[PDB]
Number of protein chains: 2
Amino acid sequence: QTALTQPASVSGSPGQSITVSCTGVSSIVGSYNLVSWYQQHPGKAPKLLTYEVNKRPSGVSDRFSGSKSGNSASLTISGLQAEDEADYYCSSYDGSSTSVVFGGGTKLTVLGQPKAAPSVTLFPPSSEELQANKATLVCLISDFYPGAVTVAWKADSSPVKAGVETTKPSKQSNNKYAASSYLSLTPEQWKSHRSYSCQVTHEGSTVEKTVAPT
Amino acid sequence: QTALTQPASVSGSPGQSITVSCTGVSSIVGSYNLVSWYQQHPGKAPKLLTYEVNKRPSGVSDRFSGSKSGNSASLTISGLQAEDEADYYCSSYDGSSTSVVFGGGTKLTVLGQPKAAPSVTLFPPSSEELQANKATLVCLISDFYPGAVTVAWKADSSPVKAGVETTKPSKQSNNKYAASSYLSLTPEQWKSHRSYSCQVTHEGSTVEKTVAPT
């Protein structure tokens, strides 16, 4: 199909400014300065950032400004913040008699955010769960960055190679990631060992937490 | 109130047909018949399925058809295929901002296995954690399908607001989903209450677990 031309991706560090161009914008009939830019975060609907080239709806920071020059429009984001990491789209009320054309989209990555070691919290099975004749251990891994992490389990000092489920890291409200790994055991397995351990490896450093029956 | 409103999610089996609704089109000034539906697969730009209510662009199967009756517009998909699982957005041209406005999105799941309700295990704060002035509660939500849930916390009948984080559902090895919601609090407020409840709502049905200091 037809789309406005945008670069596929752009990146910058916090505090910097990024300009995203959108070409093919010139209308074919009336001088349409009807260019709008949208921001889209994963799993959410596109949000309007600017319209009629440079107007901002209420609630949108003035760090976002649009402009237009000939067959091209631009969106500049001043003072880049981690929350700006998202996809951006321009759109134009094209010469296609009563028709709107959209851009292919630009993915903005905010580089250079500080590394954060993960907080690791290990939970032993609850009394409630033991009474249902089941035992689950959960290793909660939070506030880390970058979002890649390796998780391993030990029963005493030996590797546990079955019953381990680890979720994919997801960004949370503070722009850092969280994930959890759980190990399902029988109550007999849990009591037949002196301790279990969750080892988390993040950017070369490994942290280990241990828990014992009580 | 959103200008356009649609169900958050719907699911259907392969072979059937389902209809996704969108309300609010008549109150958008200057919308006339500029109603479009977009389909969006993860990591990709939205793809136009229908425009001007019922026209289809080149390459869109005739399994997709749109309709508008008053303040509602609808997208009907017949002969559901696995590849139709995606997010669907209705939208409309808004004369007030000379821009396209989007509905909130509808996540459509094509049921590839039976619907599975979630196992919910709630964990109270680990001892070595309170020992260091932190009190995290973890609500583990596993083995559910489709992959979407809402989670609510209650600190003694009173809805909990701040300090809640829930991860985006992740597909595990058995092909079902898992997620966790943790609540961060101070040991003080942990003991300042009698019970804590984790309420998980999935496909209209809601389960609740509770823990109490001990």
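FYI, it's all coordinate maths here, none of it is from the lab. No Cβ is skipped: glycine too gets one built from the backbone with ideal geometry, and neighbour counts run over all protein chains shown.
So the label point sits 7 Å from Cα along the Cα-to-Cβ vector; using that for residue A:61, what distances do you get to the other copies, in nanometres, sorted shortest first?
4.2
Relative to the other copies, what are the label-point distances for residue B:207, with labels 7 Å from Cα along the C-beta vector, expressed in nm at one decimal and sorted shortest first?
Going from nearest to farthest copy, the values are 2.9 nm.
HN-Hα J couplings of the stretch A:189-201 from phi, Karplus 6.51/-1.76/1.60, θ = phi - 60°, integer Hz, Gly and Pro as x?
Ordered by residue, 3J(HN,Hα) equals 5, 4, 7, 7, 10, 6, 6, 10, 9, 10, 10, 10, 10 Hz.
Can you list the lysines whose alpha carbon is less than 16 Å from that of residue A:168, not counting same-chain residues fewer than 8 positions off?
Straight-distance partners of residue A:168: A:176, B:168, B:171, B:176.
Between copies, how far does the label point of residue B:130 sit from its twins, in nm, shortest first, when each point is 7 Å from Cα along Cα→Cβ?
Between copies, matching label points for residue B:130 lie 1.5 nm apart.
Looking at the square roots a ≥ b ≥ c of the eigenvalues of the Cα gyration tensor of chain B, which shape do they give, rounded for a/c under 1.5, prolate if a/b is larger than b/c, or oblate?
Prolate shape, in that a/c is at least 1.5 and a/b is the bigger ratio.
Given a Förster radius of 30 Å and the C-beta distance between residue B:150 and residue A:132 as r, what FRET efficiency does 1/(1 + (r/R0)^6) yield to the nearest 0.05?
0.75
In deg cm²/dmol, rounded to 500, what helix-only [θ] at 222 nm does chain B give when every DSSP H run of at least 4 residues adds -39500 (n - 2.57) and the total is split over its residues?
Calculated at 222 nm, the ellipticity per residue is -500 deg cm²/dmol.
Between residue B:113 and residue B:78, how high is the FRET efficiency from 1/(1 + (r/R0)^6) when r is the Cβ-Cβ distance and R₀ = 22 Å? Nearest 0.05.
Computed FRET efficiency for residue B:113 and residue B:78: 0.50.
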